[PDB]
Each structure stands twice: as C-alpha cells, then as structure tokens.
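Student: Below: one structure in structure tokens.
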Amino acid sequence: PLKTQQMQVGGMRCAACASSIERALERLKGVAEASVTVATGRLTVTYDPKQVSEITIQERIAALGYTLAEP
C-alpha cells in the first residue's frame, strides 16, 4: 500500500529551490508520486507507510537547508 501526505516547509517558497527537493524523488525507494508548490512554499508526496515514513522526506529537507512541518 501507498498513500498521499502533504506538509509545510520552512524556506522552499519564492525560488527554484523546490527542484533540489523534487529532483531526488525519482531516485528514492518506497515512493510513487509527488508535487511542489513554490507559490505558497508547500509539498505533497505519495509513499509506502511500511517500506518508509516521513523520514523519506525529512532528511531531504533538513540537509538541503530547510525544515519539515507535518502536523
């Protein structure tokens, strides 16, 4: 099984910087779909909640210079 999830992200907005997050998508294990919004600065991702977790989007935001919020 695999399901959608969406999050706020500190500092991805207003620039092409979202491409440093979304280019890596197609290299990850445990995903199938995702979509940035630069206008507002948010993200949606589809992943397998048993092969992976929010950890398949957390490190890819935290090491890229930003912070994840999934409340």
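Take the authors' numbering: the final residue in the sequence shown is number 76, and no numbers are missing along the way.
For every residue, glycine included, the Cβ atom is placed at its ideal position computed from N, Cα and C.
What residue range is occupied by the uninterrupted alpha helix (DSSP H) comprising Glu38?
Tutor: Looking at the DSSP string, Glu38 is not in any alpha helix (DSSP H); the run it does join, the beta strand (DSSP E), is 36-42.
Student: Measure the C-alpha to C-alpha separation of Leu33 and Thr61 and round it to an integer number of angstroms.
Tutor: 8 Å
Student: Run the CB neighbour count on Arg28, radius 10 Å, all protein chains shown included, and call it buried at 16 or more, exposed below.
Tutor: exposed
Student: Buried or exposed: where does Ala44 fall if 16 or more other Cβ atoms within 10 Å of its Cβ makes it buried?
Tutor: exposed
Student: In the DSSP output, what is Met12 paired with across the bridge?
Tutor: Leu48
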